[PDB]
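**Student:** Structure in structure tokens, see below.
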Amino acid sequence: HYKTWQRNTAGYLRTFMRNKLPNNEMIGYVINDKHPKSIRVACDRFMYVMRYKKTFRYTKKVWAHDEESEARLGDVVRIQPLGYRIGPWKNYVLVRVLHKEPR
Amino acid sequence: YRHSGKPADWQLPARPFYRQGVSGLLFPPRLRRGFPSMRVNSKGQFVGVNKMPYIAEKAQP
Amino acid sequence: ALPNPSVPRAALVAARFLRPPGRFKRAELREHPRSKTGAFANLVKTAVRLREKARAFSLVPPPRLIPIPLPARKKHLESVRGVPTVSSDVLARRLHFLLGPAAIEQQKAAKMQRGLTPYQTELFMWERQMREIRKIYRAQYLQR
Amino acid sequence: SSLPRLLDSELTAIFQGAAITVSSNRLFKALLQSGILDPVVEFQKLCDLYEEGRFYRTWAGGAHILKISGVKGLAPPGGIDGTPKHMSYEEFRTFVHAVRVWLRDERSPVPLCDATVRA
Amino acid sequence: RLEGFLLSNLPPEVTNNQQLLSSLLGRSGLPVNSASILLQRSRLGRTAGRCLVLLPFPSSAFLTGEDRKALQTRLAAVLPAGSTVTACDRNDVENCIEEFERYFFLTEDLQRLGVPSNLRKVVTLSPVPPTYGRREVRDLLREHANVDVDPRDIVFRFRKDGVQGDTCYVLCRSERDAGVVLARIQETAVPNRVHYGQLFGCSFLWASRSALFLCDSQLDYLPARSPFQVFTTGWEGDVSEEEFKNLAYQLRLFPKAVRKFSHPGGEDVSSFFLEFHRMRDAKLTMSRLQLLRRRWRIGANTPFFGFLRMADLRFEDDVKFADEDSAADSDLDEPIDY
Amino acid sequence: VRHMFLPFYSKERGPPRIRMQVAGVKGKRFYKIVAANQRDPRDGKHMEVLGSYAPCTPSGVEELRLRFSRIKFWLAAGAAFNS
Amino acid sequence: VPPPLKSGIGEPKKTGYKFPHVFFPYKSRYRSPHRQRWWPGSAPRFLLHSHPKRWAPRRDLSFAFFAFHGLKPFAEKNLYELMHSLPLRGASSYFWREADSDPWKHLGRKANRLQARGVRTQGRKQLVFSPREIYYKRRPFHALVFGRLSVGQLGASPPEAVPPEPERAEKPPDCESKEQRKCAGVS
Amino acid sequence: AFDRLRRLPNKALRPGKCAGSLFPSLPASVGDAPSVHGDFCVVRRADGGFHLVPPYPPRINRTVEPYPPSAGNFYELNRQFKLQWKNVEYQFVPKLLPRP
Amino acid sequence: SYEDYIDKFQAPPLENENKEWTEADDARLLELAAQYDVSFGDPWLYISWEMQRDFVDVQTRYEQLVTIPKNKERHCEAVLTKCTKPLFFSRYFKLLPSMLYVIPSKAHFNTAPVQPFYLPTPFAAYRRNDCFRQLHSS
Amino acid sequence: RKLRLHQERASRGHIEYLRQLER
RNA sequence: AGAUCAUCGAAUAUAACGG
RNA sequence: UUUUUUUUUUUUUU
RNA sequence: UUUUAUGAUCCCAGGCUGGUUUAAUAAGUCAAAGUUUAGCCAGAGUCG
RNA sequence: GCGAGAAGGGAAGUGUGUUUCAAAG
């Protein structure tokens with residue numbers, strides 16, 4: 001939790017903007033594409049510390065869904081959240097693929 | 468008035484107060500008091516809200 | 001059937017602002033004899049009777065839901081759809097009547113009814129006046 | 001036209017033969049062996078329709094996760116058992132009915148499941 | 002077999018111009060043998076928010092499977108504007124679409140037969156059925172389980188804002204005896220929903236109850252516009268005065284009515300009107316009557332009282348109808364208390 | 001335009017209403033006019049503050065501070081009040 | 001202490017509950033809607049606790065024991081009980097309710113309530167009942183009597199009587215009005 | 001650690017929001033709209049009316065033991081609510097709370 | 125006593141009470157109609173006080189000079205879209221009663237179509253003549 | 001002219017204060 | 001509906017699935 | 001199917 | 001096939017937030033990593 | 001007929017809460 005005066009500093013606002021995306025979108029790279037029509041997207045987030053005034057990074061691995069199964073391992077993609085639960089692990093939907101690794 | 472005993476039109480103006488005499492702001496923030504209990508919807512229409520107002524809303528410029 | 005019983009749509013839209021009952025009020029319904037139970041209002045039979053009536057017949061399969069990303073969209077300001085078309089001159093004179101001395105004497109000059117106290121005649125007359133001022137303010141706020 | 005009617009008694013042998037509750041892995045393979053559905070339907074065809082139909086949620090297949098994990102299972106994977120839903124006799128009947136028509140309407144001039152379309 | 006499509010939710014800017022609509026069909030498929064369309068028109072000459080398209084003779088369209096239908100639907104769905112529904116039409120529903128257009132044109136014409144006092148305690152309602160309904164289709168009902176040969180051309184159906192068949196269906200009866208018999212056995216009935224593939228569709232529970240009445244008279248339109256809270260009462264004893272007879276006996280009961288009116292016609296039953304000041308008084312009266320009814324052992328289904336209302340009307344030389352007015356403020360008279 | 005007042009109305013608590021409050025120090029209590037629901041507590045959640053009221057003042061004349069641009073706006077929404 | 005619960009005549013034996021209500025041990029201010037009405041200044045529930053089972057020793061049994069209903073006081077005699085002894089079952093007669101000797105109007109805890117007028121410092163128009171059809175289920179205190187309800191004006195005589203009204207036809211023959219207390223008629 | 005008795009948090013009847021919806025016609029945010037009725041249901045009254053009613057047992061939490069030790073002296077624990085209609089019975093006594 | 129209140133504290137004398145309408149009175153009513161909006165709220169609340177008469181008498185006079193002549197020269201269509209709606213319940217009202225609608229007759233509204241119902245030749249085949257009362261023209 | 005209603009006089013002061021602050 | 005550092009008690013770690 | 005009913009209805013063949 | 005030092009398996013205890021003035025060229029424009037007092041949200045079921 | 005737990009600390013750690021948005025039964 002952040003105090004009222006902690007929500008107006010440039011350090012916190014800058015971190016917020018980086019994390020914040022349209023439709024709560026995220027950026028990550030796929031690390032597992034073994035199961036059919038399934039890909040695990042590894043997203044990286046950021047956080048601010050009001051004590052030492054330094055920002056660190058922590059990975060957030062999540063599961064996604066692909067229709068055409070165009071994405072492959074080691075390919076940065078875009079994910080979008082959803083207001084339901086489908087499958088045991090599936091919690092995201094693909095939109096597009098930015099980069100493609102050769103084979 | 469004295470005879471009619473009704474309020475007059477022209478009278479003394481207001482008496483605004485300023486802290487430490489200074490009454491100048493160079494970087495005014497964007498306050499949320501422009502639309503009290505009113506917001507914009509996805510459609511663009513005006514809708515209300517249900518929230519407790521901040522006790523120190525005006526004391527935190 | 002099982003989730004929601006047979007409930008007419010007319011009685012569902014009207015019951016919107018109905019406050020839910022409290023803890024003690026719930027026990028009254030549950031207390032025996034259950035004389036507040038209506039026709040086809042049983043909580044034991046209604047939940048299985050409906051199901052069986054539909055078993056004889058075919059069952060429509062659930063719709064096929066295919067996930068699809070939602071495109072991004074930016075906020076856009078829009079004008080007010082509801083704006084009463086009334087001139088400001090008309091409302092100026094109407095405000096002087098309710099707030100003027102004529103309102104006080106209007107309440108006194110009212111016809112009484114059998115079975116009602118003298119204060120009731122003026123109270124109801126004042127209530128009708130209070131309904132007109134609400135519309136005037138609502139129209140003015142929307143126009144501005 | 002003139003779709004055949006699936007007798008209740010016939011389905012009893014298939015359900016009991018594959019074996036109260038049973039797993040869904042043995043039922044998928046046994047359905048094709050009996051040939052009750054009749068190109069040849071592949072194993073993946075049934076699996077794809079099972080997920081698209083949203084049967085795991087409807088039937089409450091994820092309720093068994095809280096029995097082992099408990100509070101940790103409430104959160105999503107990233108914010115975990117993944118066993119399939121064990122359909123019973125009652126449950127299986129419904130699914131057979133649903134999948135029987137999903138294949139007939141795939142080539143009919145007048146769709147039955149989803150006839151509408153949005154621009 | 003395929004015989005055409007059905008459009009809906011069309012914008013007003015395309016239904017009012019035949020040139021633009023015809024051009025959109027030529028590129029997708031056959032041009033306006061060529062295909063034919065039919066635009067629904069209201070009694071006042073205004074169009075609707077939907078249209079219909081008919082395919083050429085079946086000789087050149089009998090051999091058409093789903094492979095050729097999916098592509099045609101898809102291609103013809105993109106050209107029109109957004110927020111549009113393009114569904115297929117079967118051989119059975121195709122004949123029903125024509126009746127839908129005719130009902131809208133004859134809506135006002137059909138709301139005159141049996142509406143007057145002639146047929147008071149006859150009219151019924153059952154807003155169970157969905158858009159899937161017809162005069163012929165519904166005729167088989169109320170005969171196999173209730174035994175009641177109702178008239179054919181006495182069936183009326185309301186409509187929603189988008190000229191869509193409202194689920195609210197209303198029926199009538201020739202005689203009065205059978206009226207009661209209809210609203211006692213039609214409770215929780217599941218005949219069928221749709222007849223496709225020679226098999227029945229989803230389930231639907233029937234529910235018949237008297238909750239609405241109709242009246243048409245020359246001395247009712249004007250009196251029912253002055254007050255804001257107007258009541259209706261009927262099923263009274265032998266012929267009675269207003270000031271001398273109706274007022275005096277009212278004291279015994281708990282009507283609490285500011286004013287009253289009469290209803291001539293020369294029948295063996297009277298019907299006096301009531302007026303209230305506030306909405307709360309009106310509301311409380313409703314309860315009172317209801318309670319009393321039970322005590323008297325009159326009947327649950329027996330019409331005893333009702334609430335008067337003014338039906339929406341659409342005049343000419345008007346840019347917007349009263350019912351479609353978004354700036355109306357006729358809701359402040361109903362205060363909310365909880 | 002009833003759609004614009006939907007959020008205001010509360011199913012659990014009730015419709016909006018205008019009343020007063022009791023707060024301050026013992027022996028010098030002052031009234032505070034606010035807007036809240038029907039079942040809400042006398043001293044608790046409040047939607048908007050309209051003003052205050054001081055029936056006892058050193059000058060001997062009762063004071064009353066109110067907002068002319070908010071009271072009229074709230075009445076249009078259908079807010080009741082006590083006698 | 002409260003009176004023990006008893007079943008009325010014409011009812012099979014029931015099983016008594018262990019507690020008056022669900023929240024017996026935990027809560028104490030909660031009250032059941034079907035609570036008994038035995039404290040002075042109330043009325044019974046008609047057909048729930050008005051006529052409990054009556055028992056007496058073999059020695060006390062007699063014909064007169066069965067005739068207790070018909071000899072009840074004026075303040076407790078209902079319509080059913082009254083019509084049973086009248087000629088022709090009280091058919092082709094008139095009846096009216098006299099709300100002047102109610103138990104709560106003279107005795108009871110809340111017997112000094114403040115009315116809208118205050119206190120009473122000092161020819162009426164009372165309703166008249168004409169029983170047409172009479173059907174007795176559980177004699178002598180139960181029946182489905184259908185009659186014509188009308189209004190009538192009282193006379194100036196010392197007693198409560200009905201001179202030349204009923205005059206107006208109010209409603210067709212319907213169910214009874216009240217089941218608390220009734221008076222005689224001219225017939 | 002196998003077949004260990006776990007514990008789940010309590011949850012009462014969620015009151016529905018005033019600003020609800022019947023059926024979302026193609027929603028265009030990233031979530032599901034609330035409901036007015038919510039947990040509660042509308043039934044026909046005895047006197048020909050419409051009123052609220054406590055639905056069938058709302059997810060009786062069997063995982064947590066009774067708090068008051070003196071519960072067996074006044075209430076019979078280990079109860080079952082069965083649904084039967086003529087010769088038909090359905091299996092719905094298991095009240096499990098699925099994941100969000 | 126309820127009878128004493130209606131006899132003692134009830135005697136409002138109205139100036140223009142139980143009087144016929146004259147030529148000057150008709151002009152005065154028309155002038156007030158323009159000053160106060162008619163299709164906005166209750167216009168009869170303020171006009172009645174100016175004329176010193178009952179709220180019902182004033183409405184009838186205006187309805188027989190403007191409303192009737194105007195409504196008799198316009199086409200009207202009967203629809204039920206907004207009128208069909210229930211009433212919100214409350215703590216003293218938890219029931220769904222009946223209703224009664226008002227349909228205008230031909231004596232006060234010229235309800236006639238502007239164009240006969242025309243059907244195309246190909247679309248006329250799918251029409252049941254045994255399910256309709258009115259004949260098929262053209 | 002000659003604002004007799006209390007509402008009219010109350011709004012007069014609001015405009016005067018806002019005009020001074022406007023530049 | 002999305003996002004949303006864990007801390008103390010000194011400490012002691014690889015576990016559950018299918019051939 | 002059996003006691004309770006101030007929530008209903010139905011009964012014919014030239 | 002899945003988690004796992006960016007803490008997977010696993011034992012005990014702690015429920016989250018707001019509160020107006022507040023001196024010093026630390027003159028705070030929100031009291032500057034973390035301090036509270038009328039207050040918001042939230043807190044299972046049972047008469048067999 | 002209507003209102004009534006207005007005296008509740010027993011459950012839970014990635015939970016309870018906070019923040020950003022949305023909601024024409």
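Protein chains in written order, with the authors' numbering: chain A, 1 to 103; chain B, 468 to 528; chain C, 1 to 144; chain D, 1 to 19, 36 to 54, 68 to 108, 115 to 154; chain E, 2 to 33, 60 to 365; chain F, 1 to 83; chain G, 1 to 122, 161 to 225; chain H, 1 to 100; chain I, 125 to 262; chain J, 1 to 23. Even for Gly, the Cβ is constructed at its ideal location relative to N, Cα and C.
1. Considering only the beta carbon of each residue, do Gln7(J) and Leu91(C) sit closer than 9 Å?
2. In chain F, what lies closer than 8 Å to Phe513(B) by C-beta?
3. Would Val150(E) and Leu198(E) be called neighbours here (beta carbons separated by less than 9 Å)?
4. Whole angstroms are fine: how far does the CA of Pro67(C) sit from the CA of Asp77(D)?
5. Measuring only the C-alpha atoms, how far is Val80(C) from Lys206(I)?
6. What's the C-alpha gap between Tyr17(J) and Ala481(B)?
7. Going by C-alpha to C-alpha distance, which of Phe167(G), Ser50(G) and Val183(G) sits closest to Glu205(G)?
8. Can you find the residues in the same chain that come closer than 7 Å, C-beta to C-beta, to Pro362(E), ignoring five residues on each side of it along the sequence?
9. Figure out for me which residue from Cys213(G), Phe179(G), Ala75(G) and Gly161(G) has the closest Cα to the Cα of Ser195(G).
10. Quick check on this structure: which residue in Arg134(C), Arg144(C), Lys45(C) and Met112(C) has the alpha carbon closest to the alpha carbon of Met125(C)?
11. Compute the Euclidean distance between the alpha carbons of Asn219(E) and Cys229(E), then round it to the nearest angstrom.
12. Under 9 Å between beta-carbons, which chain C residues line up against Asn91(A)? List them in chain order, please.
13. Mind reading off the beta-carbon distance from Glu126(E) to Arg161(E)? Whole number of angstroms is fine, and I expect it under 8 Å.
14. For the region 27–48 of chain H, which residues have a CB atom closer than 9 Å to at least one CB atom of chain A, in sequence order?
15. Does the Cβ of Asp116(E) have 16 or more other Cβ atoms within 10 Å, making it buried, or fewer, making it exposed?
16. For residue 176(C), go through chain G and note every residue whose CB falls closer than 7 Å to its CB, in chain order.
17. Using DSSP's beta-bridge definition, name the partner residues of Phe300(E).
18. Should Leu79(E) go down as buried or exposed, given a rule of 16 or more other Cβ atoms within 10 Å for buried?
19. Let me know the beta strand (DSSP E) ranges lying completely inside the region 37–62 of chain H, each 3 residues or longer, listed in chain order.
20. Any chance you could list the alpha helix (DSSP H) runs of at least 4 consecutive residues sitting entirely within the region 146–180 of chain I, in chain order?
21. Can you tell me whether DSSP reads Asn32(A) as helix, strand or coil?
22. Hey, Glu302(E) and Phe348(E) are a contact pair by Cβ (cut 8 Å); roughly how many whole angstroms apart?
23. Note down, one range per segment and in chain order, each alpha helix (DSSP H) of at least 4 residues found wholly within the region 173–231 of chain E.
24. With H, G and I counted as helix, E and B as strand and the rest as coil, what does DSSP make of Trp85(H)?
25. Which runs of the beta strand (DSSP E) fall wholly inside the region 199–246 of chain I and span at least 3 residues, in chain order?
26. Please report the residue range of the alpha helix (DSSP H) in which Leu29(C) lies.
27. So that I know if they touch, is there some Cβ in chain F lying closer than 9 Å to that of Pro483(B)?
28. Just tell me which of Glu135(E), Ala284(E), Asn328(E) and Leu319(E) has its CA closest to the CA of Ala309(E).
29. Quick one: what does DSSP say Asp344(E) is sitting in, helix, strand or coil?
30. For the region 189–205 of chain I against the region 23–32 of chain H, do three or more pairs of beta-carbon atoms, one drawn from each stretch, fall closer than 8 Å, so that the two count as touching?
31. Measuring only from the beta carbon, is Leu8(H) closer than 8 Å to any heavy atom that is part of the ligand NAP?
32. Could you name the residues of the same chain whose beta carbon sits closer than 8 Å to that of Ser172(I), not counting the 5 residues immediately before and after it, in chain order?
**Tutor:** Put simply:
1. By one-based count along the tenth sequence, residue 7(J) stands at place 7. By one-based count along the third sequence, residue 91(C) stands at place 91. In this structure, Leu91(C) does not lie closer than 9 Å to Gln7(J) by Cβ.
2. In the second sequence, counting from the first residue as 1, residue 513(B) sits at position 46. The contacting residues are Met4.
3. Taking the first residue of the fifth sequence as 1, we reach residue 150(E) at position 123. Taking the first residue of the fifth sequence as 1, we reach residue 198(E) at position 171. In contact: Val150(E) and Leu198(E) (Cβ atoms closer than 9 Å).
4. Residue mapping note: residue 77(D) aligns to position 48 of the fourth sequence, counting from 1. Residue mapping note: residue 67(C) aligns to position 67 of the third sequence, counting from 1. If you take the alpha carbons of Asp77(D) and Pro67(C), they lie about 13 Å apart.
5. The residue you call residue 80(C) lines up with position 80 of the third sequence. The residue you call residue 206(I) lines up with position 82 of the ninth sequence. Taking the straight line from one Cα to the other gives about 21 Å.
6. The residue labelled residue 17(J) in the question sits at position 17 within the tenth sequence. The residue labelled residue 481(B) in the question sits at position 14 within the second sequence. If you take the alpha carbons of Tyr17(J) and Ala481(B), they lie about 7 Å apart.
7. Working through the seventh sequence from its first residue, we reach residue 205(G) at position 167. Closest option to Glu205(G), Cα to Cα, is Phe167(G).
8. Stepping through the fifth sequence from its first residue, residue 362(E) is reached at position 335. Only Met306 meet the Cβ criterion.
9. Walking along the seventh sequence from the start, residue 195(G) turns up at place 157. The shortest C-alpha separation from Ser195(G) is found at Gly161(G).
10. Numbered from its first residue, the third sequence carries residue 125(C) at position 125. The residue with the shortest Cα to Cα distance from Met125(C) is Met112(C).
11. Within the fifth sequence, the letter at position 192 stands for residue 219(E). Within the fifth sequence, the letter at position 202 stands for residue 229(E). C-alpha separation (whole angstroms): 7 Å.
12. The residue you call residue 91(A) lines up with position 91 of the first sequence. Near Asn91(A) there are no residues of chain C at all, since even the closest Cβ is about 11 Å away, more than 9 Å.
13. Walking along the fifth sequence from the start, residue 126(E) turns up at place 99. Walking along the fifth sequence from the start, residue 161(E) turns up at place 134. With 8 Å as the limit, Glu126(E) and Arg161(E) qualify as a contact, their Cβ atoms being about 6 Å apart.
14. Cβ contacts with chain A come from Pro27, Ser29, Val30, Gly31 and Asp32.
15. By 1-based counting over the fifth sequence, the position of residue 116(E) is 89. With 16 or more other Cβ atoms within 10 Å, it is buried.
16. With chain C running from 1 to 144 in the structure shown, residue 176(C) is simply not present.
17. Counting from 1 along the fifth sequence, the entry for residue 300(E) is found at position 273. Note: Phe300(E) sits in a beta bridge opposite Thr259(E) and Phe288(E).
18. Translated into positions along the fifth sequence, residue 79(E) becomes position 52. Under the 10 Å beta carbon count, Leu79(E) is surrounded by 16 or more other beta carbons and is classified as buried.
19. Correct list: 41–44 and 50–53.
20. Taken in chain order, the whole alpha helix (DSSP H) runs of length 4 or more contained in the region 146–180 of chain I are 147–159 and 168–175.
21. Position 32 of the first sequence, counted from the first residue, corresponds to residue 32(A). Strand.
22. Translated into the one-based positions of the fifth sequence, residue 302(E) becomes position 275. Translated into the one-based positions of the fifth sequence, residue 348(E) becomes position 321. Rounded, the Cβ-Cβ distance is 28 Å, inconsistent with contact.
23. Runs of the alpha helix (DSSP H) inside the region 173–231 of chain E: 204–209.
24. The residue given as residue 85(H) occupies position 85 in the eighth sequence. Three-state result, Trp85(H): strand.
25. 223–226
26. Against the third sequence, residue 29(C) aligns to sequence position 29. Element bounds for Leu29(C): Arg23 to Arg30.
27. Start at 1 with the first residue of the second sequence, and residue 483(B) comes out as number 16. Chain F contact via Cβ: absent.
28. Within the fifth sequence, numbered from 1, the residue matching residue 309(E) stands at position 282. Considering only alpha carbons, the answer is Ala284(E).
29. Counting from one through the fifth sequence, the residue named residue 344(E) turns up at place 317. In the structure shown, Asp344(E) sits in coil (DSSP, three-state: anything other than H, G, I, E or B).
30. No contact exists between the region 189–205 of chain I and the region 23–32 of chain H.
31. Inclusion of the ligand NAP in the displayed structure is not the case, the ligand content being empty and no account of it being possible.
32. Within the ninth sequence, numbered from 1, the residue matching residue 172(I) stands at position 48. Answer for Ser172(I): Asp178, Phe179 and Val182, listed in chain order.
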